[PDB]
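Inspection log for the structure reproduced underneath, given as structure tokens.
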2 protein chains.
Amino acid sequence: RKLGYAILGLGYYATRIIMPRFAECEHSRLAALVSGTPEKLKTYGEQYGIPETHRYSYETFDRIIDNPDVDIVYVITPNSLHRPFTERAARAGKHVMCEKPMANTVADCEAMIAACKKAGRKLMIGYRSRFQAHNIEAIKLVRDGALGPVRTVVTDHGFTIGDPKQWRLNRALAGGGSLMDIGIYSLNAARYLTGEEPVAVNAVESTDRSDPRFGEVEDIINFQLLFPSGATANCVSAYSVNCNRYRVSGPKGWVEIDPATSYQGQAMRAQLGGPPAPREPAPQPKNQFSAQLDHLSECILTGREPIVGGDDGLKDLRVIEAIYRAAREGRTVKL
Amino acid sequence: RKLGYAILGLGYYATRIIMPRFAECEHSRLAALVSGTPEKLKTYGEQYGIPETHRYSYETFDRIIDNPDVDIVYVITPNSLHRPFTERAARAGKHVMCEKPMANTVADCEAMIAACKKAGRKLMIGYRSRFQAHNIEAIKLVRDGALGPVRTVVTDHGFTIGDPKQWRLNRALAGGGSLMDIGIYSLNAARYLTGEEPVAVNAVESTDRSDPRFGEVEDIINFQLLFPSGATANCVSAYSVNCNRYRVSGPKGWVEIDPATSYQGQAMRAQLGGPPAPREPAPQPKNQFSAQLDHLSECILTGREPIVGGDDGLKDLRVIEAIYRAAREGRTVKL
Ligand SMILES: NC(=O)c1ccc[n+]([C@@H]2O[C@H](COP(=O)([O-])OP(=O)(O)OC[C@H]3O[C@@H](n4cnc5c(N)ncnc54)[C@H](OP(=O)(O)O)[C@@H]3O)[C@@H](O)[C@H]2O)c1
Ligand SMILES: NC(=O)c1ccc[n+]([C@@H]2O[C@H](COP(=O)([O-])OP(=O)(O)OC[C@H]3O[C@@H](n4cnc5c(N)ncnc54)[C@H](OP(=O)(O)O)[C@@H]3O)[C@@H](O)[C@H]2O)c1
């Protein structure tokens, strides 16, 4: 049994990364395209053999309720449009896969969760690293007690951004700067490595507002998290350095991945009561993208809830609001 | 050609690490011993061929003023004793090498600097990493602009401390916990890699007071630094995990060392003109310990000021006070 996906927003991630990976899926297929660019519907429709009946503009999208080949809409647009497209997908009786960050605010996430709940449809956020081999290995080592209690998580995510005119540098479409786009990987990782939610937050922003890229959103905002167990995290979020990594440590040892949450190339090193050494994770059947896609499909088919549901995206937005507040007010924000 | 050292405080660092390294010095020799343990004066005096006239107790130490073979006193005691021995050494007409952390407070550091200034003698703090090949290479890469403007420094220093009864876990003798002992390497590195002094500080402490080790001083205290250029640092200081590293990054690339400030075993990796790769540093004439020792001697011989004088130790204690305050008050402390 395969469930049908409509991909909405035919941009870089949708067309270069997600859509090719349906080939390795076991319970998911590409069934429809939704796009504000007529030329894209033709090109990708013809390339993937999607009939004109299964091609939608943003103005014909609501008619997708009548298409039984579509079970899931995967929203892959600029951040500020996640909420409205998610609401309309739910209104058309479809389950929803929504990219990160879930939405611009906590209230927006709550609205999305409520809309899907009212429609009796499932909602999943695209945290693919939860389906990536090295990340799974790290999470399980922590849970199995290989490190003892988690004491520190040190995680850095950033890339040197370019073109000042792109939507990520537009506050109205992005919702915020590096933290919304890439720093959220540091946050999401601190949360799934500890298996906890933070109770206190520090942050510091560093942005040159005279830079053509950063008139509206932040460049660097680094943050500290304290968790109930006493676990701590130091996190980097940046648009002016390239980094992608974490190390989680306890009294019995540590494990790190660098790059940690990239499309490919993950490399893990561990120190588990002996000398530091490379560590291969347990093999996974399918790549992280195909796994993410099937996870939602399998959840629908078996009546389970996704391991990264709308509530996971909401929990990230909760801390992100606190991070922004801490950097703005120059104080520890309690949660 | 060789200035004479008196080693004061014959503990682990003095006897196992420093004393064997006079072997490779070019301008420094072991001339005297100062100890509160008569047996140690016998053992090491006989081992290093130090005449009985050149052996002192803490009670007879001030007599060293009449020993022309002693030019320098190297204070290697618990932290709370750095100030009184440094002041006595200065009044005995000796130049002073003082181990980190310089002293317990800013005020203590100021008094030490004043004492040595009044005596017309030089003062140097034992930041051996400034004479270590990989560290020198990292600094040079930053100063040469290889990374562009420094944007982030991520640095973690900690070890799993053992015996609860040792002086490092006693507030009266240590002045504080992991930050005083090992976290100061994270701080000092942030300062010498940026070449700057911090203007804002965040911190979070995490300590299990039920642990027999931490009834008096802190286990984890992680901190954030903001510098005038906009450079930032995320720092870990810990007594319950093992880490020793830093990565400094800018828009053009990054360089890291792991382990960074260890006695031996430094390994550097950099991402500059291509993907991350190992990088061997330019060679240094002698090991970091002999080089530190000879640096003070040479400064005295040539009438120059040490690259890590009392003011460098003071500048660290200034940020340490702020870090402790930031953690206690839950706010960004400005400097
Ligand atoms: N999980 C991950 O690893 C990952 C990776 C990259 C991106 N993302 C997320 O995916 C989402 C899209 O990112 P992207 O890199 O694919 O961006 P993108 O290349 O710029 O594509 C965005 C697409 O959204 C559509 N769109 C609808 N309204 C738009 C509007 N006002 N302005 C611009 N585009 C609009 C457009 O497709 P049409 O022409 O068809 O209308 C556009 O091509 C973001 O939320 C991002 O955070 C996630
Ligand atoms: N730069 C570095 O890499 C490095 C490394 C390690 C330590 N250090 C610093 O060096 C200093 C000493 O550290 P350590 O590891 O050598 O400690 P240690 O092994 O315990 O030795 C400390 C010595 O100081 C003397 N001392 C005088 N009064 C004392 C008192 N109340 N309690 C305990 N000892 C007393 C003792 O020598 P006597 O028996 O001769 O009186 C004792 O053996 C510290 O400030 C530390 O931060 C620096």
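Going through the structure tokens in order, the chains are called A, B, and so on, while each chain numbers its residues from 1 and the ligands are numbered from 1 in the order shown.
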>> Could you list, as a PyMOL selection string, every residue within 7 Å of segment 214-223 of chain B, counting only C-alpha atoms and ignoring same-chain residues fewer than 6 positions away?
In response: chain B and resi 169-171+176-179+201-208+234-240+323
For N, CA, C and O atoms, I'd like the residues from the last selection saved as a compact mmCIF listing (two decimals), in the first residue's frame.
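Wrote it out as out_10.txt, contents follow:
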```
# COMPACT_ATOMS: atom_id res chain seq x y z
N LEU B 169 38.20 21.25 45.14
CA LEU B 169 36.78 21.17 45.47
C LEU B 169 36.48 21.87 46.81
O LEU B 169 35.38 21.76 47.36
N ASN B 170 37.47 22.60 47.29
CA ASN B 170 37.38 23.35 48.54
C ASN B 170 37.40 24.84 48.23
O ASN B 170 38.40 25.34 47.71
N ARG B 171 36.32 25.56 48.53
CA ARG B 171 36.22 26.95 48.08
C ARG B 171 37.35 27.82 48.63
O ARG B 171 37.91 28.65 47.92
N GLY B 176 36.77 28.67 43.80
CA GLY B 176 35.62 28.35 42.97
C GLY B 176 35.86 27.03 42.26
O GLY B 176 36.88 26.39 42.51
N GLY B 177 34.95 26.64 41.38
CA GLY B 177 34.98 25.31 40.81
C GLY B 177 35.63 25.20 39.45
O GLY B 177 36.71 25.74 39.21
N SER B 178 34.95 24.51 38.54
CA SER B 178 35.54 24.20 37.24
C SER B 178 36.02 25.45 36.50
O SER B 178 37.05 25.41 35.83
N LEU B 179 35.30 26.56 36.63
CA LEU B 179 35.70 27.78 35.92
C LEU B 179 37.10 28.26 36.31
O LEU B 179 37.91 28.62 35.46
N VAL B 201 28.30 39.18 28.84
CA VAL B 201 28.50 37.84 29.34
C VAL B 201 27.17 37.25 29.78
O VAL B 201 26.45 37.88 30.56
N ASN B 202 26.85 36.06 29.27
CA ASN B 202 25.78 35.20 29.81
C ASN B 202 26.39 33.97 30.46
O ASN B 202 27.49 33.55 30.07
N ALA B 203 25.67 33.36 31.40
CA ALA B 203 26.11 32.09 31.95
C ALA B 203 24.97 31.29 32.57
O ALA B 203 23.96 31.85 33.01
N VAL B 204 25.14 29.98 32.60
CA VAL B 204 24.23 29.08 33.27
C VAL B 204 25.06 28.06 34.06
O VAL B 204 26.00 27.45 33.53
N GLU B 205 24.74 27.91 35.34
CA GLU B 205 25.41 26.91 36.16
C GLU B 205 24.54 25.68 36.28
O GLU B 205 23.31 25.78 36.37
N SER B 206 25.17 24.51 36.27
CA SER B 206 24.47 23.28 36.56
C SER B 206 25.30 22.37 37.45
O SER B 206 26.31 21.80 37.02
N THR B 207 24.87 22.24 38.70
CA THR B 207 25.62 21.49 39.70
C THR B 207 24.70 20.67 40.59
O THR B 207 23.71 21.18 41.12
N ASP B 208 25.00 19.39 40.72
CA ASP B 208 24.27 18.51 41.62
C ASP B 208 24.94 18.60 42.99
O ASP B 208 26.00 18.02 43.22
N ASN B 234 30.82 30.69 22.61
CA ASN B 234 30.07 29.76 23.45
C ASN B 234 31.09 28.92 24.17
O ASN B 234 31.89 28.26 23.52
N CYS B 235 31.07 28.92 25.50
CA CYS B 235 32.11 28.22 26.24
C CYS B 235 31.56 27.22 27.24
O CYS B 235 30.58 27.50 27.93
N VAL B 236 32.19 26.06 27.31
CA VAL B 236 31.87 25.06 28.33
C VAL B 236 32.99 24.98 29.36
O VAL B 236 34.17 25.00 29.01
N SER B 237 32.60 24.93 30.63
CA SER B 237 33.50 24.64 31.74
C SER B 237 32.85 23.55 32.59
O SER B 237 31.70 23.70 32.99
N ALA B 238 33.56 22.47 32.88
CA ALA B 238 32.91 21.33 33.52
C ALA B 238 33.84 20.47 34.37
O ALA B 238 35.03 20.34 34.09
N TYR B 239 33.28 19.90 35.43
CA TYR B 239 33.98 18.97 36.29
C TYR B 239 33.35 17.56 36.20
O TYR B 239 33.67 16.67 36.98
N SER B 240 32.43 17.36 35.25
CA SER B 240 31.78 16.06 35.12
C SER B 240 31.75 15.50 33.69
O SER B 240 31.07 14.50 33.44
N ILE B 323 31.05 36.18 34.82
CA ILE B 323 30.43 34.90 34.50
C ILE B 323 29.67 34.37 35.73
O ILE B 323 28.51 33.95 35.64
```
>> Would you pick out the contacts of segment 138-141 of chain B at 8 Å or less, using only C-alpha atoms, so that residues sharing its chain but fewer than 3 positions from it are not included, and give the list as number ranges by chain?
In response: B: 134-135, 144-147, 192-193, 255-256
Atoms kept (N, CA, C and O atoms) for selection, written as a short mmCIF file (atom, residue, chain, number, x, y, z; two decimals), in the first residue's frame:
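Result file is selection.cif:
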```
data_model
loop_
_atom_site.label_atom_id
_atom_site.label_comp_id
_atom_site.auth_asym_id
_atom_site.auth_seq_id
_atom_site.Cartn_x
_atom_site.Cartn_y
_atom_site.Cartn_z
N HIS B 134 50.33 24.44 17.91
CA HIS B 134 49.02 24.46 17.26
C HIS B 134 48.24 25.73 17.63
O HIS B 134 47.61 26.35 16.78
N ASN B 135 48.31 26.11 18.90
CA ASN B 135 47.67 27.34 19.34
C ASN B 135 48.24 28.57 18.63
O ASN B 135 47.50 29.44 18.15
N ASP B 144 46.22 36.73 10.41
CA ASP B 144 46.50 36.90 8.99
C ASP B 144 45.24 37.05 8.15
O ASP B 144 45.31 37.24 6.94
N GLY B 145 44.07 36.97 8.77
CA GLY B 145 42.83 37.18 8.05
C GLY B 145 42.32 35.97 7.27
O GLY B 145 41.39 36.09 6.47
N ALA B 146 42.92 34.81 7.50
CA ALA B 146 42.55 33.58 6.81
C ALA B 146 41.08 33.20 7.01
O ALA B 146 40.50 32.51 6.18
N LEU B 147 40.48 33.65 8.10
CA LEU B 147 39.10 33.27 8.41
C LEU B 147 38.15 34.41 8.11
O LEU B 147 36.93 34.24 8.18
N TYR B 192 42.38 35.12 23.42
CA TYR B 192 43.53 35.24 22.52
C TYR B 192 43.20 34.92 21.06
O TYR B 192 43.89 35.38 20.17
N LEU B 193 42.11 34.20 20.80
CA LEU B 193 41.76 33.95 19.41
C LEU B 193 41.09 35.17 18.79
O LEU B 193 41.36 35.51 17.64
N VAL B 255 39.17 27.01 11.88
CA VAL B 255 40.22 26.11 12.30
C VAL B 255 39.88 25.64 13.71
O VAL B 255 39.33 26.40 14.51
N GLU B 256 40.16 24.37 13.98
CA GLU B 256 39.90 23.82 15.31
C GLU B 256 41.09 23.00 15.78
O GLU B 256 41.93 22.58 14.97
#
```
>> Can you work out which residues from chain B touch chain A at a cut-off of 6 Å (counting only C-alpha atoms) and hand them back as a PyMOL selection string?
In response: chain B and resi 206+230+240-241+250-251+330-332
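The protein and nucleic acid residues lying at most 9 Å from residue 212 of chain A are residues 163, 164 and 165 of chain A, with only C-alpha atoms considered and sequence neighbours fewer than 4 positions away removed.
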Which protein, DNA or RNA residues have an atom within 6 Å of ligand 1, counting only C-alpha atoms and all ligand atoms, as an mmCIF file with C-alpha atoms, in the first residue's frame?
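Output (selection-v9.cif):
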```cif
data_model
loop_
_atom_site.group_PDB
_atom_site.id
_atom_site.type_symbol
_atom_site.label_atom_id
_atom_site.label_comp_id
_atom_site.auth_asym_id
_atom_site.auth_seq_id
_atom_site.Cartn_x
_atom_site.Cartn_y
_atom_site.Cartn_z
ATOM 1 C CA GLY A 9 5.885 24.761 -3.536
ATOM 2 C CA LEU A 10 8.222 23.477 -6.231
ATOM 3 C CA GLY A 11 11.444 25.076 -4.999
ATOM 4 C CA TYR A 12 14.967 23.822 -4.309
ATOM 5 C CA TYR A 13 14.156 21.419 -1.483
ATOM 6 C CA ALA A 14 11.012 20.081 -3.149
ATOM 7 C CA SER A 35 2.685 25.364 -7.785
ATOM 8 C CA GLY A 36 2.391 29.104 -8.355
ATOM 9 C CA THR A 37 4.529 28.734 -11.463
ATOM 10 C CA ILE A 76 7.543 23.232 1.128
ATOM 11 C CA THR A 77 7.171 27.025 0.880
ATOM 12 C CA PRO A 78 8.682 30.059 2.608
ATOM 13 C CA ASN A 79 7.987 29.880 6.357
ATOM 14 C CA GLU A 99 8.605 21.692 6.502
ATOM 15 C CA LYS A 100 10.521 23.324 9.353
ATOM 16 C CA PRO A 101 10.358 25.825 10.913
ATOM 17 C CA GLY A 126 9.938 17.576 8.346
ATOM 18 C CA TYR A 127 12.604 16.853 10.948
ATOM 19 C CA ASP A 181 16.233 28.487 9.165
#
```
>> Give me, as JSON, numbers by chain, the residues of segment 165-253 of chain B that a backbone DSSP run labels strand (DSSP E or B).
In response: {"B": [200, 201, 202, 203, 204, 205, 206, 220, 221, 222, 223, 224, 225, 226, 232, 233, 234, 235, 236, 237, 238, 243, 244, 245, 246, 247, 248, 249, 250, 253]}
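Residue nearest residue 34 of chain A within the list A:196, A:143, A:50, A:106: A:50 [criterion: smallest interatomic distance, only C-alpha atoms].
Between atom CA of residue 185 of chain B and atom 2 (C, counted along the ligand's line) of ligand 2 there is a distance of 9.5 Å.
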>> I'd like the contact shell of residue 130 of chain A - 12 Å cut-off, only C-alpha atoms, skipping same-chain residues fewer than 2 positions apart - returned as a PyMOL selection string.
In response: chain A and resi 125-128+132-140+185+188-189+191-193+260-261+284+287-289+291-293+295+306-309+312
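Among the candidate residues B:16, B:318, B:29, B:157, the one lying nearest to ligand 2 is B:16, with distances computed using only C-alpha atoms and all ligand atoms.
Minimum atom-to-atom distances from A:311, A:66, A:305, A:26 to residue 108 of chain A were compared using only C-alpha atoms, and the lowest value belongs to A:311.
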> Counting only C-alpha atoms, what is within 6 Å of segment 81-96 of chain A, bar same-chain residues fewer than 6 positions away, as an MDAnalysis selection string?
Replying inline: chainID A and resid 65 71:74 103 112 115:116 119 121:123
> as JSON, numbers by chain, which residues of segment 40-185 of chain A does DSSP assign to helix (DSSP H, G or I)?
Replying inline: {"A": [40, 41, 42, 43, 44, 45, 46, 47, 48, 52, 53, 54, 61, 62, 63, 64, 65, 66, 79, 80, 81, 82, 83, 84, 85, 86, 87, 88, 89, 90, 91, 106, 107, 108, 109, 110, 111, 112, 113, 114, 115, 116, 117, 118, 128, 129, 130, 131, 133, 134, 135, 136, 137, 138, 139, 140, 141, 142, 143, 167, 168, 169, 171, 172, 173, 174, 178, 179, 180, 181, 182, 183, 184, 185]}
